[PDB]
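Hydrogens, waters and symmetry mates play no part in the numbers below; they use all other heavy atoms, side chains included. Below, read A as the first sequence line, B as the second, and so on, with proteins coming before strands; counting in each chain starts at 1. In listed order, ligands and their atoms are each counted from 1.
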Amino acid sequence: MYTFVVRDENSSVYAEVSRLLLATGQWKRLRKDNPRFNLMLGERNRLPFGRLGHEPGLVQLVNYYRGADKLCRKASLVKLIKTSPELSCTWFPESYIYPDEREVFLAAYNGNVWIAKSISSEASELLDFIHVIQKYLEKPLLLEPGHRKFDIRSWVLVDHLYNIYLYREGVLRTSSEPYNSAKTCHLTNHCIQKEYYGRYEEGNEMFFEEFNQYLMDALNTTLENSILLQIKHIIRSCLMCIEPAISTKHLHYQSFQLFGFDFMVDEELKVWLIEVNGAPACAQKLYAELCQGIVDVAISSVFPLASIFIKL
Amino acid sequence: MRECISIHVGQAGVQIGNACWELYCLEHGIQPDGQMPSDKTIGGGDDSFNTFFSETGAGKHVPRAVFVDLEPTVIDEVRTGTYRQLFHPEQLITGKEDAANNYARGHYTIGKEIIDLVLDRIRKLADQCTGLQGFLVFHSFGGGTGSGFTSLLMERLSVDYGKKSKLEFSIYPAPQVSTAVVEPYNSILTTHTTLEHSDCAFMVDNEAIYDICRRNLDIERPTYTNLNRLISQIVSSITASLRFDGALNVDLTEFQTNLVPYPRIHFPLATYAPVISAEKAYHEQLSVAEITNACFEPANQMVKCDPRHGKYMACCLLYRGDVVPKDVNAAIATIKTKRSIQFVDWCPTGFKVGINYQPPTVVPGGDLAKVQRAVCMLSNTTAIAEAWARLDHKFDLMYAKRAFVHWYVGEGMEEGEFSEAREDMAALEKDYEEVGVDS
Amino acid sequence: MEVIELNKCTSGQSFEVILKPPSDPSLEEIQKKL
Amino acid sequence: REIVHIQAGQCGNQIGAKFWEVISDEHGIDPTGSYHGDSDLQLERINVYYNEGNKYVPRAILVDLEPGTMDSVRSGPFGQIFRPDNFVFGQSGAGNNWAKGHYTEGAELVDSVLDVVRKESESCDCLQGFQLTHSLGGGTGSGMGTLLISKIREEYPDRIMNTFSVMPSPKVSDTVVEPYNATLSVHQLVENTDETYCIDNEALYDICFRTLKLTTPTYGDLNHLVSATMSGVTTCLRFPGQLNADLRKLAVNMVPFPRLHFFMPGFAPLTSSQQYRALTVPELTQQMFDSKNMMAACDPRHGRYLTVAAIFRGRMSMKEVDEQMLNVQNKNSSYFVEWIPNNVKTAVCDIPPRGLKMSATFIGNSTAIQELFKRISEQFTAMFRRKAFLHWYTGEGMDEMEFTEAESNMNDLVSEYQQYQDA
Ligand SMILES: COc1cc([C@@H]2c3cc4c(cc3[C@H](Sc3nnc[nH]3)[C@@H]3COC(=O)[C@H]23)OCO4)cc(OC)c1OC
Ligand SMILES: Nc1nc2c(ncn2[C@@H]2O[C@H](COP(=O)(O)OP(=O)(O)OP(=O)(O)O)[C@@H](O)[C@H]2O)c(=O)[nH]1
Ligand SMILES: Nc1ncnc2c1ncn2[C@@H]1O[C@H](COP(=O)(O)OP(=O)(O)CP(=O)(O)O)[C@@H](O)[C@H]1O
Ligand SMILES: Nc1nc2c(ncn2[C@@H]2O[C@H](COP(=O)(O)OP(=O)(O)O)[C@@H](O)[C@H]2O)c(=O)[nH]1
Ligand SMILES: [Ca+2]
Ligand SMILES: [Mg+2]
Ligand SMILES: [Mg+2]
Ligand SMILES: [Mg+2]
Ligand SMILES: [Mg+2]
Ligand code: NA
């Protein structure tokens, strides 16, 4: 009989994961602050990693990698991609500061559109709205009919052995507004699309089977060849780069973590990393399958009872 | 030559002190009757080993050591042990009834009664010293004596020996090795009271020693003897530079100079390798690169924590055995490109290295096998603050309900001293965060 | 990677290796508390 | 660190004499006081309970207000072993009346007892404190015993007071006034003891009838359980090892708040012996923590464990003990409080009791003990609301006010235990 605790009630994904653990009769949920647990579904911020792995007779596992934030916040990721000998690249947009690299940003500024986050053609306009300034991809790949923009979300699971698992099912989050290069047909955020949709696909969400068919009909190529090879390359580059820093291989406690990678695709079918998310949600259609895969490969591998993933 | 006086307080300090002096005698070829055939200056000398041993006209080498416990049963196993002849009665000090796992009883109630005696017996050792450097103090964080009396003694040592250095070897509590339920209280109380009187403190977490004993010696349920013989190996690695010829950490002041830039952040992490079972017939001898690499494995540390998620202020590598500088620098260069090793920005990224060619001594019949080389790394990393955060958290849980507090107030301690102590530890935790993390 | 302050004796040696440079209560007050 | 043992009244001297028979055997002391054992753990801490022609004498004082039961001890198997001057008795008896034990009959005899206590305490190199055996339902153990405890505290205020207190039950009752005597006594214990083992005659009867399938349990059967418990619960005080416990460390570690010092013991295997199949360590741990094995009729699942100390005796896997002990907490974490970390501790002793190759004993400070004080409070109140049987007590000088205050203090105690069951 294994025990676990739940310290993130706002977690869509691990709400489903715990309900599956219970429904096996071999997992018991304790109260949040009970230390005598096997499994912690931790909080998003200030999770107390220093108290893990000190309970006698308990193998302890947590669903976050301490140190993963360096991939998963946009300033850290630009720094990481810029100072790591193993990436610092080609698939990451030229990115650049606090309200440093201000002299250097203006030096390349000498298509000249950029975006700030943490969109303009004039540097002066945004430096005083201020954070990272990232080269805006002026020539995206546009879905038709619709002349529309999109981003690809990939779910990636890293288990306690630091095996990297790419979920078979991605999702394209699409703009329902034709793309005008002269801020809604520019932001594919789903909450921004269903507030400012449902036109062509249910939920501005196109899944891989349809998107592959689209590439076969429209471009005479496949999702695997034209895009996923680059996706798998990028996922490996980022996670293998940070591996010595965050691996729990010889640690007194064990980590796994689910990541959401966000990619852009341009006109020449080149894939670009936009960002990495450390606490991703899922597509409703996919919750059941992915949360079951999390239990199978991340949790029961450590705590056995009585493939939907590509192995990267 | 400048002398060092060792002081062992409470059960853990005494029983560990027993193991160390046993080891020191083996390392220096001193027989249990105190005779030392290697020493050709009878009844005197100022060799390096005289820092820890004085000499009688009869040729006996006597530890500059005092053993103190508020109960007689542990020290009585020194009186009647294998080295009875080594110590003389004045150095073994026992009271009548112990501190009952209670810092306040060890510090206020019984400590008052016995401090002047202990200080008098230490004075008899200091008077034999031509140039006393200071003290090495062995004690538990958790015991009533080890916590309560040690802190009173350290305060009085700063009074009576103001210019002298004081080093600690502190046993940090772990439920795997029988602990009182109030050990968090005792630990915080004594750290607060001792913080400004100690120049450098080596914490040893019983959880770490216990696990090394299970994993590397494959002892299923290690005894105090198993634990203490491993601890003594690490202690001996740390104090070798005081007792042998060399140029690194040759007096107590250098420990502070080399390991402690900031006086409050004075708890270096010790990491030791290799630890090899003696019933393991044929084992490959680990290389300089391997044992040095093992110094960055949390499984070999004296306190479990993650140095990758902290910053280094200072790092010393102490090798024993067949080791030359060439191999050290090769191993370091390799390790710098694979490990995550961040120093604070105001400190040089580097290593002070000391090598003693004599390989470690082990106790005949013990569970540790002889090795041809070993290393102890001493690093001041902010990651050790995880140990404080853990302890501080347990203290909070109990104190929020004032559980057990009445035992402490009943001995004359004011409840306010809990809050005083805990607030000091809160500052301590934030000092570490300032030094080693960025927002 | 610089090696400085190398000292040798018959018992061993010591040195420093640099990889990168950088960017009290009284007796009476005690007696009162007791 | 010597313990002075006092046994008072009929129950006190009966379970007292059994305790000395049992541990005398365990330490290899024969009825004539000469040591004829085969191991040296036996003698290493023998002086905790025995004084020393190389004969050993229990540091035991035998007290009663009538000479009957102590004539029975002097004729019993080990009767020769007690120091004859340590028998202190009167002729009148206490009539199952707390007031007589505490205020009239007992007051006459208590100074004689303290002279014997004082003499034993003087021959002590370092006195740990006192251990008293008694019931709360009678007159001498209950009334005079708590009077002794008060007089002892006043003369030795810095020593520990420990009691084994037998709580009355209607299932094993001598008189209807037992709830009155027990309620008056609990009040004394809340104030003047540091540790009280609650030995509940209801739990002992249930265990004899259900588990041991003895359909007509005698006091002899009940006392077999109490004897086994007293031995196990004192093991770490009498034997050397890893952890050498004493009365003060017991109290510091088990009592988080001064009034909550009433412990539920538990024992395994429960026996009436007759069986040779030794138990596996898993089974010891399972039974010991089962309600059907605890000597106080309280459901631990109705409350929470504040602190627990367990001792395993015999030869067995230290590694398996730790595994099973850690298993029980990690499987029922709900019944241990969050705000006392690591509140379950385990010891081992190689020397098993008699007739058992391995055993386990459990000391628990559980909030479920409030059920025992509620039960007594209810029985007390049923009579006291009609002032029934009170003339037995007012005839000795007592006023009703004293009963009201005792009722109030015991209900407070129940409340305090409930306060921490909801913390
Ligand atoms: C009277 O017998 C026992 C007492 C204790 C008891 C005792 C009782 C406890 C407790 C702790 C502790 C501590 S344990 C310790 N080990 N090193 C320092 N302190 C201490 C030690 O001496 C003690 O007397 C304390 O937590 C909850 O209940 C424990 C026992 O077994 C675990 C014994 O048998 C059950
Ligand atoms: N490593 C090691 N730890 C010990 C040893 N003895 C006790 N401990 C640990 O020390 C702490 C208990 O304090 P002790 O030193 O035994 O107690 P004490 O200082 O004698 O104080 P009192 O007995 O309360 O007067 C616990 O955390 C034990 O686990 C030992 O020989 N070796
Ligand atoms: N260089 C860039 N070029 C083109 N489009 C970009 C872009 N950067 C961001 N976008 C668009 O913005 C949308 C979301 O932006 P971004 O991923 O940077 O913030 P976010 O809302 O996703 C924070 P998080 O998801 O981590 O909580 C993307 O879907 C994309 O359409
Ligand atoms: N367990 C046990 N209980 C007893 C024994 N003798 C009496 N009792 C109980 O003790 C209470 C009566 O007290 P008793 O000791 O006989 O009176 P006293 O002599 O005045 O102290 C009742 O609750 C009885 O059930 C005994 O030998 N064993
Ligand atoms: Ca000499
Ligand atoms: Mg996003
Ligand atoms: Mg002690
Ligand atoms: Mg000198
Ligand atoms: Mg009777
Ligand atoms: Na009379």
Side-chain angles (χ1 to χ4, degrees), chain B residues 1-5 8-20 44-48 50-54 64 67-77 94-107 109-111 114 126 128-133 138-151 153 169-187 190 203-210 212-213 222-232 234-235 251 302 391 407 411, chain D residues 1 242-246 248-249 252-253 342 345:
Chain B
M1 180 277 302
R2 319 202 59 213
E3 297 95 353
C4 286
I5 284 166
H8 314 270
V9 180
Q11 177 166 309
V14 172
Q15 294 185 147
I16 289 156
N18 271 324
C20 297
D46 54 358
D47 297 317
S48 278
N50 283 125
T51 297
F52 277 52
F53 298 86
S54 59
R64 305 186 199 270
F67 296 80
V68 181
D69 197 5
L70 299 176
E71 130 195 272
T73 45
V74 186
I75 279 173
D76 280 331
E77 302 188 39
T94 59
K96 239 127 195 177
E97 65 182 359
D98 68 34
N101 305 152
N102 184 336
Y103 169 95
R105 189 167 172 99
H107 185 85
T109 303
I110 302 179
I114 207 172
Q128 302 177 67
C129 298
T130 65
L132 177 62
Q133 318 188 23
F138 295 76
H139 70 106
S140 58
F141 273 163
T145 303
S147 74
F149 181 73
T150 298
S151 68
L153 178 61
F169 294 86
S170 306
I171 302 308
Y172 174 109
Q176 299 86 332
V177 174
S178 192
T179 52
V181 295
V182 291
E183 284 193 20
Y185 284 168
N186 298 334
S187 302
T190 199
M203 295 189 333
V204 179
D205 185 344
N206 267 345
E207 177 187 68
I209 303 298
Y210 184 87
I212 286 150
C213 278
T223 72
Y224 278 143
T225 299
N226 304 121
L227 299 176
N228 294 346
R229 272 183 188 157
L230 178 51
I231 296 169
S232 342
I234 281 110
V235 174
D251 63 34
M302 289 311 99
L391 211 45
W407 292 114
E411 298 285 355
Chain D
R1 286 275 294 189
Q242 53 146 128
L243 173 124
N244 277 7
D246 59 57
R248 185 165 281 102
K249 292 185 178 204
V252 171
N253 285 280
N342 311 109
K345 313 291 190 183

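- For atom 10 (O) of ligand 2, the closest non-hydrogen atom of the protein is B:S140 CB, 3.4 Å.
- The proximity of B:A100 to ligand 2, defined as any non-hydrogen pair under 4.0 Å, is limited to the backbone.
- Residue contacts with ligand 2: B:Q15 is placed with a nitrogen or oxygen under 3.5 Å of a nitrogen or oxygen of the ligand (distance criterion only).
- With a 4.0 Å heavy-atom cut-off, ligand 2 is reached by the backbone of B:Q11 and by its side chain too.
- Looking only at protein heavy atoms, the nearest one to atom 29 (O) of ligand 2 is B:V177 O, 2.9 Å.
- Counting backbone and side-chain atoms alike, B:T130 contributes an N/O/S atom closer than 2.8 Å to the Mg ion (ligand 8).
- Here the side chains of B:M203 and B:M302 are not in contact, with every heavy-atom distance at 4.5 Å or above.
- Contact annotation for B:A174 and ligand 2: no heavy atom of the residue comes within less than 4.0 Å of the ligand.
- In this structure, the side chain of D:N253 does not engage the main chain of B:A180 through any donor-acceptor pair within 3.5 Å.
- At a heavy-atom cutoff of 4.0 Å, ligand 2 is contacted by no atom of B:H139, backbone or side chain.
- When hydrogens are left out, the protein atom nearest atom 27 (O) of ligand 2 is B:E183 OE1, 2.7 Å; that is the closest non-hydrogen contact.
- Ring geometry for B:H139 against B:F141 counts as perpendicular: the plane angle is over 60°, on a 0 to 90° scale with 30° as the lower cut.
- Residue B:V9 has no nitrogen or oxygen atom sitting less than 3.5 Å from a nitrogen or oxygen atom of ligand 2, judged on distance alone.
- Taking all heavy atoms of B:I209, B:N228, B:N206 into account, the minimum distance to atom 9 (C) of ligand 2 is reached by B:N206.
- Each of the atoms 26 (C), 28 (C), 29 (O) of ligand 2 lies under 4.0 Å from some heavy atom of B:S178.
- Within ligand 2, counting atoms from 1 as listed, the ones closer than 4.0 Å to a heavy atom of B:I231 are 1 (N).
- Close N/O approach between B:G144 and ligand 2 is found [any backbone or side-chain N/O within under 3.5 Å].
- Heavy-atom minimum distance, B:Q128 versus B:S54: OE1-OG, 4.0 Å.
- Applying the 4.0 Å criterion to heavy atoms of B:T179 picks out, from ligand 2, the atoms 27 (O).
- The closest heavy-atom contact to atom 21 (O) of ligand 2, among the options B:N226, B:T145, B:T150, B:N18, comes from B:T145.
- Only the side chain of D:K249 comes within 4.0 Å of ligand 2, judged by heavy-atom distances.
- A donor-acceptor pair under 3.5 Å is absent between the side-chain atoms of B:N102 and the main chain of B:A99, judged by distance alone.
- Put simply, the side chain of B:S187 gets close to the backbone of B:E183: a donor and an acceptor are under 3.5 Å apart.
- Every atom of ligand 2 with a heavy atom of B:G146 under 4.0 Å away is listed here by number and element: 19 (O).
- Counting only distance, with no hydrogens or angles, the side chain of B:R64 and the backbone of B:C4 share no donor-acceptor pair below 3.5 Å.
- Atom numbering of ligand 2 starts at 1 in the shown order; those under 4.0 Å from a heavy atom of B:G143 are 12 (C), 13 (O), 14 (P), 17 (O), 18 (P), 19 (O), 21 (O).
- Of the heavy atoms in B:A12, both backbone and side-chain atoms come closer than 4.0 Å to ligand 2.
- Summarising the geometry of B:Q11 relative to B:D69, their closest heavy-atom pair is N-OD2, 3.8 Å, with the distance given to 0.1 Å.
- Counted by atom type alone, B:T223 and B:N226 present one or more donor-acceptor pairs between their side chains at under 3.5 Å.
- Each of the atoms 24 (O) of ligand 2 lies under 4.0 Å from some heavy atom of B:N101.
- Between the side chain of B:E3 and the main chain of B:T130, a donor-acceptor pair closer than 3.5 Å is present.
- The shortest non-hydrogen separation linking B:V14 to B:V68 is CG2-O, 4.0 Å.
- Among the atoms of B:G10, none of the N or O lies under 3.5 angstrom from an N or O of ligand 2.
- At least one donor-acceptor pair under 3.5 Å links the side chain of B:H107 to the backbone N or O of B:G148.
- In terms of polar-atom proximity, B:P173 is not counted as a contact of ligand 2, lacking any N or O under 3.5 Å from an N or O of the ligand.
- Closest heavy-atom contact between B:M1 and B:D46: CB-O, 3.5 Å.
- Without hydrogens or angle criteria, B:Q133 side chain to B:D251 main chain gives no donor-acceptor distance under 3.5 Å.
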